[PDB]
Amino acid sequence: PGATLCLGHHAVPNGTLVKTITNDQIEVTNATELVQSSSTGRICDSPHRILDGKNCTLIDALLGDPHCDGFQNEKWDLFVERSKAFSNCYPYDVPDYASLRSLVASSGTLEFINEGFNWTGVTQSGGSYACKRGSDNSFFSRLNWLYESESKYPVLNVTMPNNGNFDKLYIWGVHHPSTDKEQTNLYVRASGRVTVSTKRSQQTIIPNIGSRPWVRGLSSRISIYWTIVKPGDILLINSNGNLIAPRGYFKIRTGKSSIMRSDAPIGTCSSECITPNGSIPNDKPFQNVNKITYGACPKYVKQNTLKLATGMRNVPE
């Protein structure tokens, strides 16, 4: 004359192993994955403004390499550099390439404003067959190759004040001829000098004559440099030869823009987190896809799986 009442808990036939403080592997009824380990392989074109660089690196679009003319005045949240990109203008180098690429990438714009520099006494718009634009010998669109006029090259001494309320980025250069005949033919003097200064800073570059390895038709080179001018400051360009002059300035902005090396295709979808492998969801706190990321992303970790228990210990019969 009585009853039995038993207390108890559920179980499942298919439990899942998790780690604890005390156990490398203990079975619970359910768990959820905390490490994002897959990607669709596509960079979603929303919500960030993606600019596909295609055949152009950011620096070649900045300087104005002819096949990069379509990038004039472009904007981006994320500039995507493709591994197939190539230069096809005058062979060049950028001392501290990495820094110029970074500061332009972070600025997020190639917005360019022409300025009327006073180049009285020299010929402008030098060109080369290494840098063709359609049918004609040409040059970087944002740079101005100066050379002798009527067999003279006077000491250039020109100024450009920043009377606005925002910063100006100036890209300029120095020409390295391959022989002494080139040097005297272009600049009369046996050696040049380029000095670009502000109230507070100065850069002097002395060109170097000599052969470099043949690239796109030429053994000569140009070297690229940059100068930022704040409001109330003044740019002063002083040269007696080999100057590759700016045509104006780039507007510098601050904000959330950046640049990524990736060959992933761009698709029509929305994703906050971008990796070079493609966009990834961000519902999990960690990810093992790529330490390189952009946007609202899970944190990169070495583990490819981390199971968070969402149920009790599984004790079957």
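Start at 1 and count along the sequence shown; that's the residue number.
The mean C-alpha temperature factor is higher for 247-255 when 247-255 and 269-277 are set side by side. Higher average CA B factor: 13-21, of the stretches 13-21 and 293-301. Highest CA B-factor among 118, 99, 227, 109, as stated in the entry: 118. Take 79, 187, 71, 172 and read off each C-alpha B-factor from the entry; 187 has the highest. The deposited CA B-factor of residue 194 belongs to the highest third of values across its chain. In the PDB entry, a CA B factor belonging to the lowest third of its chain's modelled residues is recorded for residue 104.
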